[PDB]
Amino acid sequence: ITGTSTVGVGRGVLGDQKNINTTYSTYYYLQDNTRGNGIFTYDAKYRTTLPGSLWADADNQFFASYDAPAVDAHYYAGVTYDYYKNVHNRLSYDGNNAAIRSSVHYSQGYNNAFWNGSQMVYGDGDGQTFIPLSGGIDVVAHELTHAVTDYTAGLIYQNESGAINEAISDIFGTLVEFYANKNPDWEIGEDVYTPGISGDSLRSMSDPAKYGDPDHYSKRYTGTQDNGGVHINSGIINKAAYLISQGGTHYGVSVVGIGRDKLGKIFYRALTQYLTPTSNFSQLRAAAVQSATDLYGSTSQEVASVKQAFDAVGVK
Ligand SMILES: CC(C)C[C@H](NP(=O)(O)CNC(=O)OCc1ccccc1)C(=O)N[C@@H](Cc1ccccc1)C(=O)O
Ligand SMILES: [Ca+2]
Ligand SMILES: [Ca+2]
Ligand SMILES: [Ca+2]
Ligand SMILES: [Ca+2]
Ligand SMILES: [Zn+2]
């Protein structure tokens, strides 16, 4: 909408106060004009019609319980935009400052979040398995990264290409979580998963097997559930990424860590210059090796570590 840029204040899902960029025209709307062609947050009103209504508030104060998921979807979309722009020189998900749209309060007791081809969508959770999913910065960045993937490599959402698609979202979800630097870790969804259980998460990149996901290609799932295991086999790639950044010895194979920034550079270049819609795990290894070669040189530690990491997870 047309209006003047303003700054509201509110509380997110975890009870933390933050400022949010809004737009004033009669009401104050969750429309952030400071980033690209805007970030827009919508109320789905417990229904499944999308996007719903652009979020309107009378006083620019967002402290109601019902406001919290909107505050966080809006704010964390901003953080994710900033990560891509500042770290990778990428302007929104399409590289040309496309408007970023999110809807919250999707359906009733809905324990998921997704990119629907055009926008991000967040359930509120059922209060047992999840609380509102936009409360997780890794979750928000995971969803926006699906849009980045779709506009770039275009990895098909099934089998190995789909597991790479998923791992790319977990990797950049995690790198955004580190960028914001509030309780960062290599776990996925811990801030919004199982409020009654401390210390768990949906997936782990550092030890995928903790939650039943494979950490070696020999353990890959090849059945039909979950689009051929896209959220399962992602563990193999997540583990490789974790090893590249942090190092370790896995099934006797030692990897020298090169840190998060270089992990992000290598995978961003692979995603945007080498991967294609049908890339498999072996092709990802080749893309990452080539990306590290471009950035750091064929004789570099970075190239050596990428090879070690894929060796460690059984991908040649
Ligand atoms: C980061 C977490 C919180 C959300 C994440 N969601 P996501 O990977 O974006 C869901 N993907 C998805 O819905 O793809 C199907 C689709 C394709 C095209 C258009 C619209 C939808 C996830 O890992 N979902 C998993 C795990 C999960 C979470 C919550 C409930 C059930 C399962 C899944 O869907 O399997
Ligand atoms: Ca208000
Ligand atoms: Ca965390
Ligand atoms: Ca996390
Ligand atoms: Ca928990
Ligand atoms: Zn995903």
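Residues numbered from 1 in each chain as written, not as in the entry; some residues may be left out. Chains lettered and ligands numbered in written order. Heavy atoms only, no water. Residues with missing side-chain atoms left out of burial classes, pairs and counts.

- Structure determination for this entry is recorded as X-ray crystallography, at 1.381 Å resolution.

Quick word on the domain arrangement of the protein chain
Thinking step 1. Taken domain by domain, the protein chain comprises domain 1 (6-154) and domain 2 (155-315).
Thinking step 2. Taking the mean C-alpha position of each, domain 1 and domain 2 sit 25 Å from one another.
Thinking step 3. When domain 1 packs against domain 2, close to 2600 Å² is buried across both sides, 65% of that on carbon and sulfur atoms.
Thinking step 4. For the interface between domain 1 and domain 2, the tally reads 14 residue pairs in polar contact.
Thinking step 5. Elements supplying a minimum of two residues to the side of domain 1 that touches domain 2: α1 (68-88) and α2 (137-151).
Thinking step 6. No other element matches α2, which puts ten residues into the side of domain 1 that touches domain 2.
Thinking step 7. Here the side of domain 1 that touches domain 2 is composed, by residue class, of 14 nonpolar, 14 polar and four charged. (Domains from an automatic or database assignment. Buried area = accessible area lost by both parts, 1.4 Å probe. Polar contact = N/O pair within 3.5 Å; in protein donor to acceptor, adjacent residues only side chain to side chain. Helix = DSSP H or I, 4+ residues; strand = E, 2+ residues; numbered from the N terminus. Nonpolar A, V, L, I, M, F, W, Y, C, P; charged D, E, K, R; others polar.)

Considerations on the packing of aromatic side chains
Thinking step 1. Taken as a whole and assessed by the stated rule, the structure comprises 18 aromatic pairs.
Thinking step 2. Between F178 and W186, the aromatic rings sit 5.6 Å apart at their centres with planes inclined by 50°, giving tilted as the arrangement.
Thinking step 3. Clustering of aromatic rings is evident, with ring pairs tying together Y83, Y84, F172 and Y179.
Thinking step 4. A cation sits over an aromatic face here: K18 above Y75, 5.2 Å from the ring centre.
Thinking step 5. Cation over ring: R220 sits above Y217, and NZ or CZ is 4.0 Å from the ring centre. (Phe/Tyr/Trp six-rings, centres within 6.5 Å; stacked < 30°, edge-to-face > 60°. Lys NZ or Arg CZ within 6 Å of the ring centre and 35° of its normal.)

What about the pattern of salt bridges?
Thinking step 1. In total, this model carries ten salt bridges according to the counting rule given.
Thinking step 2. Its salt-bridge partner being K18, residue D72 comes within 2.8 Å of it at the nearest N-O pair. Here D72, found in helix α1, pairs with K18, found in strand β2 (residues 17-25); they are 54 residues apart in sequence, far enough to count as distant.
Thinking step 3. The exposure class assigned to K18 is buried, which follows from its relative accessible area of 7%.
Thinking step 4. Across the pair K316 and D311 runs a salt bridge, and its minimum N-O distance is 2.9 Å.
Thinking step 5. Residue class for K316 comes out exposed when judged on its relative accessible area of 69%.
Thinking step 6. Residue classification places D311 among the partly exposed positions, given a relative accessible area of 31%. (Salt bridge = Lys/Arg side-chain N within 4 Å of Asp/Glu carboxyl O. Buried < 20%, exposed > 50% of the residue type's maximum accessible area, 1.4 Å probe, protein only.)

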